[PDB]
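Structure 1 and structure 2, given next as structure tokens, are two forms of the same protein chain, each shown alone.
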Structure 1
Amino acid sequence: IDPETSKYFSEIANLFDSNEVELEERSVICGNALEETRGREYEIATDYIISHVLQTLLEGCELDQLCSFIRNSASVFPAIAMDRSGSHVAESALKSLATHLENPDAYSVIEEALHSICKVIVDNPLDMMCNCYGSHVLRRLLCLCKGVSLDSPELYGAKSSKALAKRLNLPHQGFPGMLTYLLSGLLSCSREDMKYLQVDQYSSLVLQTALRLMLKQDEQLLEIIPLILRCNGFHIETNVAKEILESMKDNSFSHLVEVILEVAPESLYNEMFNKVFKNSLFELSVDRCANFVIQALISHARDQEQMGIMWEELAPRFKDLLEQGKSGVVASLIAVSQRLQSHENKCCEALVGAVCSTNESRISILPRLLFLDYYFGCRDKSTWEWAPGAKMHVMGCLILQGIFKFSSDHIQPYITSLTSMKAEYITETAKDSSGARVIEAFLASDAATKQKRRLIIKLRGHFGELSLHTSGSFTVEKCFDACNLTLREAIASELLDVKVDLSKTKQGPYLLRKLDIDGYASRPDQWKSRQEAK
């Protein structure tokens, strides 16, 4: 890295800043500058300063020069990818490649570039799989081979509200032979190396990504998963099942088996259910790591026999799970009960009994789940009633949202409890970003109209303030849609009083328009006639 090389890439960088360069000329300069890297790919790409310029060049050049850079750097690509700066250079090369996925003329030239990369990785993959930087490069490479260009937290694999909502029940072809080739290369180690891969954070993350990209590819999943579990008809031998069970409380492995259970084909799921989990459900549910594996197991159960086993092992202990901070386990059991149509009423009753012991407690099932952590962390639970001002409990509210997807037959204690909360509590619930989802699930449930109406009426006087927030505005429209003319008019006039402020809100203009607040203000008789025709 002589100073002339340094001056060159710095001068290229300033030239792009000064935005005096046409986008077509910019693209050609990017290509010329890449040629200045030939023979020095590793040195340029891993330089703490020049790597950032090399990212700019890769993202601004044309396909041919990108491919030329990838081909000339392939023999050092694992070294670039495991470097703390070079790994961003490597990822820029992939994002750049990915911008051409929609161009059918580019198919074979992209595939050749991926082959250069996969070939040198497959030759020696295990340290790159476990390297904190190279693991990000492998995840992106796997996505590209699948034809996925657009980043997804799920695939990489972060937690997200789409995934939580999915767990609770609320396309380019790619380069399939390159995906198979690379992922087979990552998995052709000894069973004893694989044991360590199960438990290394960074390699577990790579395998999580690969499993998600193979979703619904049963023939590949049935080859891949047994290698990862060290099983290679699919059968888990008794000693291997013990080893999988023993590793289940590990933070890295627990994340991996979460994904395995999500993508597992039916026959493979059933074998895992029976041989690994079947008599350990509660012990695994109380572990800080394993309980998320149990949530994934619960969510993907196939049939009523499995539902019964999970019921027998876990419902008697619902109170333990809530006390110990494992509400996600209960949420999942409740959610899959409504999905498999099994043990619905047994699940709902076990939840009531877990929160409300004596008969007098049961009218408080709703407040206690809205503030699940305050009630269970309470000093004196026989006097606890509310958490004034507190933020409501995400998972307690998600449980309730599942509860209100049951038929009214199974959830009468929940409907009676919610609809009988006093106005101040119902109002605080609607103003909470989680509690508003509870209200909305109840308005969408098949509870009686009279009962919905009772709750909505206790919101009178607060629709204006409710509407001034993004979450409340949805609740206001859900209440409105559920109302007769008398209450639609009540809500409409409350929004009128706050119409100035409401219009300065993100959602306000839409809400004002959907409810037709201007018509109501200016020609109320015609607004009432159009609403009545609904």
Structure 2
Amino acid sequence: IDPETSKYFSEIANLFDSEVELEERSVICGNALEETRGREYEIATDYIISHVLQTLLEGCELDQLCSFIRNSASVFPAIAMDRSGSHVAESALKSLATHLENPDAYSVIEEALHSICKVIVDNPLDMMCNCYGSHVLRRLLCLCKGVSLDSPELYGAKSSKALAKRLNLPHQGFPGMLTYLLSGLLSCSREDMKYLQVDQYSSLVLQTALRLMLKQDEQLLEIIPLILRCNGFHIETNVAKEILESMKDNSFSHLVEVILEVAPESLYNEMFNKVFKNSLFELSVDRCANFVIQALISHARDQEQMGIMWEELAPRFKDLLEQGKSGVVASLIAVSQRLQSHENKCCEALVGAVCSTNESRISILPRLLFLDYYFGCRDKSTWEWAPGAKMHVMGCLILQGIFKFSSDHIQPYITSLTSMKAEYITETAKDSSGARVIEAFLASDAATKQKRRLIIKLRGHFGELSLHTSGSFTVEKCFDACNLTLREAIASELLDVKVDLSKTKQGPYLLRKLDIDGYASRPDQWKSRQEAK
């Protein structure tokens, strides 16, 4: 990097910080990329100029992008594993992806992908394990699949969407290039594969590839035995022992979670029996492995498996809540619903784990709303509430699930919730997790008289509730469930705060759906229209 090179790329950078329209902008972007020929590694890895080279790549036309990828392909793994050049490699890929929807570019993108996949597949294992290169590889696998849109779920992150699925709450791409690239990533010795399993960044790469092969059974049946080192699909006794001992490892545990999420039926069952079938509780108490069990539970196929999971885990619900593993319980409860097995056994086991004595069972709701305060407190026989405290996210999720069982199985839950005193019920609705418990109860098949009894204890608080963004949903769901007398009561309370309510994000919608303006001006006509529903 000489001063004429720095000067020139600085001067291009400063020209775009204006005076130059987009049609000229992209021809300048390409004439400048030609100034990188023979210097691609030096420019792309420079801590300053690499940022300009990103701008050029995201601003040039297809022919010059592909020319840059063809010229730098022999140094592309080195660029991709540099802390600055990896954003350059990803910028080349993001820019390539913008031409996906152009039918006239299919073979020109494929040729570019091929230059890249060829140089990577020739030597992949340090790029897979490199903290920068594994981001480039994850993006590259997505592009070969025709996904151009960053999904934190594909790149390995948590979200609320995956949590819903676990709890029950498209471009053709370049198929042969995805298969070719991924065969290159997995064609190493079984001994190399054993350390890919437990390295953070190669695990993240294989997670992305697995998620992209979702529902490609013919391919998933070739890939997963390779990743698990066991080449009908069969896991031998010693391989199953090795899989099981790596299962508490941070990186591997994330990988088996995704294997369980995409595994075909034949392969799920073999892993259930040969790997997990008598270690479910021991894995459920591990920092890392318990999420594998959550993934195992969520994807069970038949009722025989439910019974096995029930036997090993349900006597141990209390341990799982005590030891911070509420998500294992939540997953077991949620799948008994979909498999239609052990529903009542699951509801009764959860009560028995939170309430030892017959007397304490009226308190199942508060103790589950505040799971961590109840199990964490000094004296449990005199624990009642946690005033002002934020309620427990997973406790409340468990309860959202509980209230989708038939009412026959959840009577201790309906009685406990509907008999909480008004101060506790209003506190629950004002809490962003607690309002979801209430709303799940309002949508349950509990009786109307039982729903109305809870709604009536909220009287005097619908105004304050409506101002909360979250509480505004509870007000509406209560209103819908009510008779004319309480509909008119809620309207009066919302009417006393119409000024504040209109100045909030959800206020306008709430004043419209309940028609609070028409209640104030023409109360006779509002009562008539409300009675017809």
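Structure 1's sequence is the ruler for residue numbers, which start at 1. In this text, rigid core is short for the largest set of C-alphas that superpose within 1.5 Å between two forms.
At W527, the distance the Cα travels between structure 1 and structure 2 is 2.1 Å after the core is superposed.
For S473, the Cα shift between structure 1 and structure 2 is 1.4 Å when the rigid core is held fixed in the overlay. At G308, the distance the Cα travels between structure 1 and structure 2 is 0.1 Å after the core is superposed.
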